[PDB]
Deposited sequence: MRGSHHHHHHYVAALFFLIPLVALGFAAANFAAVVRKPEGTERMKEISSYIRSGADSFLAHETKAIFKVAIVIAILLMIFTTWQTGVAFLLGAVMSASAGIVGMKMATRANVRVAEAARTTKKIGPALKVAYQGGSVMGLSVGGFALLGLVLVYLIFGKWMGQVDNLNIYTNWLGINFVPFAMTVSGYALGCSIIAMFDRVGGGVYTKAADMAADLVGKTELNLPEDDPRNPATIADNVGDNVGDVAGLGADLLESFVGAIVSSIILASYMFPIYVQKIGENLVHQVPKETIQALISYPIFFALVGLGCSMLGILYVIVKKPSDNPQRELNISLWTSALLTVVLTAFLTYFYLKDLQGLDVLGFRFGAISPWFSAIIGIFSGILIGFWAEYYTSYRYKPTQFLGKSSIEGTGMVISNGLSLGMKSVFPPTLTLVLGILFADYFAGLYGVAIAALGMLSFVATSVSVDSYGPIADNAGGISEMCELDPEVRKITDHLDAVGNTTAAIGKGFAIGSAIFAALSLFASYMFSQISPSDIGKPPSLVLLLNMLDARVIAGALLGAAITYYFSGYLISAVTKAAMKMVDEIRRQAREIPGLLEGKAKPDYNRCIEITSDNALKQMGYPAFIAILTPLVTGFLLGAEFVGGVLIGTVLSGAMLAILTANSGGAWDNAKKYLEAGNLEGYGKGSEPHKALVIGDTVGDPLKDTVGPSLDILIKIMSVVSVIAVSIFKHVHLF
């Protein structure tokens, strides 16, 4: 049967490739040229990024093999290739799918055209899911079972003298690869995306607002795809992989931590069989999630498309989530029934214990999404207050947006607090990680619905460059914008969950062979009364704020570089100038996110790094929530004024447009980069704590 679960990744990959081929079959003369224009620009950006990322990955794998065991470097390469493949597939799928849906809208008059766009987005969603789970299964087989990485499950010592559970180190390397690709995609692509929006909206004003023949306008469509299709997909992939890797690390290290030396011999209080089963269970959970998501997507694409698009995708999400719930019910119920010693791990239900954590994480993600919706949409009270206040002043608009974000911080944080508390009550930290996984159990469906958004935005833009077709694409673009906001909120929540699980794995990875005799209370400890920890937390929070602030100036500078530049059309592909600049400009923030654990870890030690991690996680969650919600609220409040639904080209509209020019880079670059900051720093620290746990120079 496990051979029939291993088949789910290949099934998903083949089904996504088939969806790609079928949309290639979908029909697209003047309109087709622009789609070719955008596809070529996206391919140039992807090539530049891929070259840079693979050079960096070569260096990363070399360092990993030199300073740790080599299998971790090999797994890093595997995961990086998986993520790059998913991103490239989705973007290539979409660049040629943007116009196809428009041709579907005219030929099908609304209704059938949406089926094409969703079959497109499903390509990227299933690609993310299948590639991630494929990399993980290959790591568990080739390294886990083939090489006997689960057979040992004892502290292996590197040739230089580094101690670690080998399979935990390998899964950590895989998570690191995913994190590197996700960081490059989102940080660099977001810098480029908001530089393109800023350059387009400024060039319209430079010499008309969003001109169609503006090169930066084409770049902006490309950036929407780079951000919410490729970048967001990679971010969700990273969070999901991180949750799974945290679960696996926790199990592997609960193997050595729960031992008792009554005499010379050492008796494992948790048998190796239990540790193996706990290492394997999250993978089975993710595979079940992928299966349920594919079933839901199949029912959605096949059945008679209703007029209301949002209800269809919402029902797809509900199907995936609740089906995964009910099925992993049995998986959790039987798989963990035979394990021995689960009361020591903290399981309040034995076999089904973690399933509760998973489901509560699912509902947590759902609720946080709903919260983001409530605070960022014109259909609810807060955005309406901002839109109506637009008459009061421009400074009033900015202050009200900042206050709205600050207030919105609370509800989702309370949701996450309750989810964490109940997941802990159920199954300890392993269950907290399992709850994060459950939240991201249907990561494939989430990524697909998120990719849908940019395609709809591109369809509306295509209408802007038939009256019924233009209006229908505009409505599709608005629904896509709402879905993208919901996706950003869900991604932030899952990122907080993954970063917390990775901090837990970091504390668990800090186990040492000398601590074997010590009780569990001594090893799994990061005291907050130690001055080193407090200083580390302050430093991590300040670094998170510094990263978020730097992203704003980077977007502005890249946009200014695009402004400096610029057969009547001939060939204009300025994107590289911005993209290359973005790839250079994102260099410094990345150096922070990766190198902060090492220096402070080698300067002060592992306890200081834990404080840096917790402070960074907290500050990043808060700042990301604030920035994302502020940007989304400014955008849709401006949309409300555009329709004039209540309360165009006026003074209030000027205040709103300035607030949106500020919010775009904040919600589409800073926010989306902060979660990556927290999670990748957690991963890098989890890995390097093996080296600077005892190697601290002060």
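Residues of the deposited sequence that lack C-alpha coordinates fall in the stretches 1-11, 40-41, 123, 222-224, 483-485, 587-600, 682-684.
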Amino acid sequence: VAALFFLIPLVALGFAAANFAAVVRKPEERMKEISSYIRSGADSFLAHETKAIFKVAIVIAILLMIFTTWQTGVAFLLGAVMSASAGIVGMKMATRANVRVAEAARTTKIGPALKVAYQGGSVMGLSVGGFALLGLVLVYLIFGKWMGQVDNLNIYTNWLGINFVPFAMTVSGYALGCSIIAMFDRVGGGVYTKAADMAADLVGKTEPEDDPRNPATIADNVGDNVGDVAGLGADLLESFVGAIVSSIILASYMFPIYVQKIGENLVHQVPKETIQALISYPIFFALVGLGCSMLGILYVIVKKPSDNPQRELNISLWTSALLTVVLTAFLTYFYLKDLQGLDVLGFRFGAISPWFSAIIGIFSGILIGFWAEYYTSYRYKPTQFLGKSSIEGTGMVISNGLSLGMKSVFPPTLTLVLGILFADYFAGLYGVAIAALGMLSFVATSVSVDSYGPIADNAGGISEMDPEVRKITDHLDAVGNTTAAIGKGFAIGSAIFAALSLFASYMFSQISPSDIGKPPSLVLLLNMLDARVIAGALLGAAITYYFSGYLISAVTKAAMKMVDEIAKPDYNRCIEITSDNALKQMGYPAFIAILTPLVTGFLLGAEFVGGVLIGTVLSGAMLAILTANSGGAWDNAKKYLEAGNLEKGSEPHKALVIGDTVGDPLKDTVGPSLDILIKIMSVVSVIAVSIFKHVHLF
From here on, numbers count along this sequence of modelled residues.
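If you average the C-alpha B-factors over 334-342 and over 125-133, the higher value belongs to 334-342. When the mean C-alpha temperature factors of 29-37 and 658-666 are read from the deposited coordinates, 29-37 comes out higher. When the C-alpha B-factors of 172, 314, 274, 85 are ranked from the entry, the top spot goes to 314. Remark: of 499, 436, 298, 178, 298 shows the highest value [criterion: C-alpha B-factor in the PDB entry]. Compared with the other modelled residues of the chain, the Cα B-factor recorded for residue 524 ranks in the lowest third. Placement of the Cα temperature factor of residue 620 within the chain: lowest third of the modelled residues, per the deposited record.
Ranked within its chain, residue 399 lands in the lowest third, by CA B factor from the PDB record. In the PDB entry, a CA B factor belonging to the lowest third of its chain's modelled residues is recorded for residue 407.
Ranked by Cα temperature factor within the chain, residue 532 sits in the lowest third according to the deposited record.
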